[PDB]
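J.: What follows is a single structure, and I will ask about it in a moment.
Here the Cβ positions follow ideal geometry from the backbone for every residue, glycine too, while neighbour counts run over all protein chains shown. Read-outs throughout are calculated quantities, based only on the coordinates presented, and are distinct from any laboratory measurement.
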Amino acid sequence: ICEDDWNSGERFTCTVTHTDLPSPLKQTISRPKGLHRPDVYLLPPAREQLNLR
Amino acid sequence: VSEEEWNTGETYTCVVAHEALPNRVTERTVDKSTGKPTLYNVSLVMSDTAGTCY
Ligand SMILES: *[C@@H]1O[C@H](CO)[C@@H](O)[C@H](O)[C@H]1NC(C)=O
Ligand SMILES: *[C@@H]1O[C@H](CO)[C@@H](O)[C@H](O)[C@H]1NC(C)=O
């Protein structure tokens, strides 16, 4: 699909019936509508680890 | 000592023995390069100066 479709609020259904199990099995999947941003720090290697060479 | 035998190197030691010295004996030394030289040739190198020191 397009990513606005999964971002929209519209649900998506996987409908499978089996021979032995005649009933359709509905999997209705959506993203949980209803927030912070990460602060990526990058930490450099230790001095001890470099003295191992 | 003859001047050819000093301009080679040739460490000389002076040992003295006396009844107030520690092990009763002490000694000094000199050669051409230690004592009163006309040339001081230091060559020091420091290395890993950052290190991880505790
Ligand atoms: C003086 O120091 C430099 C630098 O290490 C060395 O290359 C040179 O040979 C030295 N000269 C004498 C006379 O010691
Ligand atoms: C001074 O020391 C350096 C390093 O050991 C040596 O290469 C140089 O020849 C020395 N100078 C003399 C005059 O021996």
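J.: Of the residues that make up the range B:28-45, is at least one within 14 Å of chain A (Cβ to nearest Cβ), hydroxyl-bearing (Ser, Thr, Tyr) and closer than 30 Å to A:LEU52 by Cβ?
T.: No, because not a single residue in the range B:28-45 is within 14 Å of chain A (Cβ to nearest Cβ), hydroxyl-bearing (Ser, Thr, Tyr) and closer than 30 Å to A:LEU52 by Cβ.
J.: Considering only the range B:16-42, state which residues are over 22 Å from B:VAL1 (Cβ atoms) and not in a strand (DSSP E or B).
T.: Of everything in the range B:16-42, those that are over 22 Å from B:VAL1 (Cβ atoms) and not in a strand (DSSP E or B) turn out to be B:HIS18, B:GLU19, B:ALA20, B:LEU21, B:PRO22, B:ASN23, B:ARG24, B:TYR40, B:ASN41, B:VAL42.
J.: Taking the conditions exactly as written (more than 17 Å from the chain's Cα centre (by Cα) and assigned to a loop (DSSP other than H, G, I, E, B)), does A:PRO32 satisfy them or not?
T.: Considered against the rule, which asks whether it is more than 17 Å from the chain's Cα centre (by Cα) and assigned to a loop (DSSP other than H, G, I, E, B), A:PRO32 comes out as no.
J.: Which condition breaks for A:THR13 when tested against (1) surrounded by 10 or more Cβ atoms within 10 Å (Cβ to Cβ); (2) under 30 Å from B:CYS53 (Cβ atoms)?
T.: (2)
J.: Would you mind stating whether B:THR8 is away from every other protein chain (no Cβ under 14 Å), among the β-branched types (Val, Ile, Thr) and not in a strand (DSSP E or B)? Break it down stepwise before answering.
T.: On the way: away from every other protein chain (no Cβ under 14 Å): yes; among the β-branched types (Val, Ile, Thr): yes; not in a strand (DSSP E or B): yes.
Spelling it out, B:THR8 is indeed away from every other protein chain (no Cβ under 14 Å), among the β-branched types (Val, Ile, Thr) and not in a strand (DSSP E or B).
J.: Every residue in the range A:9-51 that is touching a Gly at 6+ places or on another chain (Cβ under 9 Å) and within 14 Å of chain B (Cβ to nearest Cβ), please.
T.: A:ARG47, A:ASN51
J.: Could you tell me which numbered condition B:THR52 fails, if it satisfies all but one of (1) surrounded by 10 or more Cβ atoms within 10 Å (Cβ to Cβ); (2) away from every other protein chain (no Cβ under 14 Å); (3) away from ligand 2 (no atom under 14 Å from the Cβ)?
T.: It is condition (2) that B:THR52 fails.
J.: Hey, any hits in the range B:29-37 for a residue that's in contact with a strand residue (DSSP E or B) (Cβ under 7 Å, 6 or more places away or on another chain) and away from ligand 2 (no atom under 16 Å from the Cβ)?
T.: Taking every residue of the range B:29-37 in turn, at least one turns out to be in contact with a strand residue (DSSP E or B) (Cβ under 7 Å, 6 or more places away or on another chain) and away from ligand 2 (no atom under 16 Å from the Cβ).
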